[PDB]
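Here you get one chain, nothing else, as structure tokens; it is the form deposited in one PDB entry.
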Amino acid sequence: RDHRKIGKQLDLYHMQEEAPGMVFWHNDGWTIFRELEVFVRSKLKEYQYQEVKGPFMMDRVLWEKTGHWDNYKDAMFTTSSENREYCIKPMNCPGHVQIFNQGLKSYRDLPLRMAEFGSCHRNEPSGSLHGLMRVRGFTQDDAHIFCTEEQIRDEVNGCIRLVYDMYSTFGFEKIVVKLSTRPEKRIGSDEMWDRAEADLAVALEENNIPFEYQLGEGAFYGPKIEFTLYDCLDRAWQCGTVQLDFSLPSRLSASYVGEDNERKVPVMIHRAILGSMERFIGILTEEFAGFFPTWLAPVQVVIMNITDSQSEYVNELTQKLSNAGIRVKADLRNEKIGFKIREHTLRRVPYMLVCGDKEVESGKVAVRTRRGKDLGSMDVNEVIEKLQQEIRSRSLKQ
């Protein structure tokens, strides 16, 4: 099952030829995107990240300094104003360094972990575009960690642990790791590349991760660990990535005062855990075949009446569920109850609550699921507490 077909059926998003590779998130798909942002934020809270927002575009001059112009030119969208040329950012790193560069820094500030849900644009050839997997405008759950050489091992280990921690929520059984080494066009010395590739290879082995080399596929600024997930057709897609950069901070004049009073350039680790939100949503859509776990489901509960005799009770329950923080809708249409149930089932709404006269008298609800399971009559507070528990725990099934 193809995320593009499911995305249309569940009204998640669309794309059009007036904007190739550019996603229009509809309400329900955007709800998924936002829930993923909430999840990421909760994880970055524990791991102590800042969260920032950089500018959408910056002077071409700045992208010339980083090496992006010489090593990344063809991917970049450019625009002009008042005789100055700007690049729409294809990466968030240079903006993060700009923010790091505001205010004197010392060893006391390191490791400084700086995250952003960063909108990137990369001008992918149109013949290479595919659904949500390969687009031109996407958002990374990005971060750059500024640290000392002595902190590299712990900080890279932290990124690796974050990947497996977050991925375990979604239950991925196939996670293939690649180590992508020096590409033909690059910055930094061969010596720097030797150290950076060895640091990543050793980090993988210390974490007991079998990996394969992907020769020549590293970033222009540094080698990359890539966490690869697989779509329905078993095509490989880079999702999480951890990269070691001994070059950009220097090109952008980043420095701090060390514990020993020597002013030094910080090491920068680049990482994304999900990768791009769009691609990760494509993956989840296929992985679950549109049956999103309850915490991610655009609409968690639909409550239906049999006739308008139960309209008032249905409205009351809907407000009660909604105030409990559940994404709930009332379906009060003059349609047969079996017509309503089938519609919400096909929409993959996890839970459907049916209210007939028996339910109104008892203060209960008849509960069924999108898999056709019939949970019978349940008391309203019990369904609320069960749902709240499954949402709060981000449970994989139930």
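We call the rigid core the largest set of C-alpha positions that still match within 1.5 Å between the two forms. Start at 1 and count along the sequence shown; that's the residue number.
Task: Higher-B stretch (mean Cα B-factor, as the entry records it), 134-142 or 300-308 - done: Averaged over C-alpha atoms, the B-factors run higher in 300-308.
TODO: On mean C-alpha B-factor from the PDB entry, just flag whether 355-363 or 34-42 is the higher one.
DONE: Taking the mean C-alpha B-factor of 355-363 and of 34-42, the larger value falls to 355-363.
TODO: Compare the CA B factors listed in the entry for 224, 96, 105, 121 and report the winner.
DONE: Among 224, 96, 105, 121, the highest C-alpha B-factor in the entry belongs to 105.
Task: Most elevated Cα B-factor in the entry, residues 89, 178, 84, 327 - done: Of the options given, 84 has the highest CA B-factor in the PDB entry.
Task: CA B-factor ranking of residue 168, expressed as a third of its chain - done: CA B-factor rank for residue 168: middle third.
TODO: Could you look up the Cα B-factor of residue 280 in the entry and say which third of the chain it sits in: lowest, middle or highest?
DONE: Its C-alpha B-factor, which the entry lists for residue 280, ranks in the lowest third among residues of this chain.
- [ ] Going by the recorded CA B-factors, say which third of the chain residue 23 sits in, lowest, middle or highest.
- [x] Lowest third, going by the recorded CA B-factors of the chain.
TODO: Place residue 332 in the lowest, middle or highest third of its chain's C-alpha B-factors, as listed in the PDB entry.
DONE: For residue 332, the deposited C-alpha B-factor lands in the highest third.
Open item on the list: Please place residue 245 in the lowest, middle or highest third of its chain according to the CA B-factor in the PDB entry.
Closed with: As the PDB entry reports it, the C-alpha B-factor of residue 245 lands in the middle third of its chain.
Separately, the form deposited in another entry exists; it is not shown, and the next lines address it.
Task: residue 184 C-alpha moves between this form and the one not shown by 2 Å or more, core aligned - done: Yes; residue 184 is a residue whose C-alpha shifts (by 2 Å or more) between this form and the one not shown when the cores are overlaid.
- [ ] Once the core is aligned, please say if the CA of residue 301 is shifted by at least 2 angstroms between this form and the one not shown.
- [x] No: residue 301 shifts by under 2 Å between this form and the one not shown.
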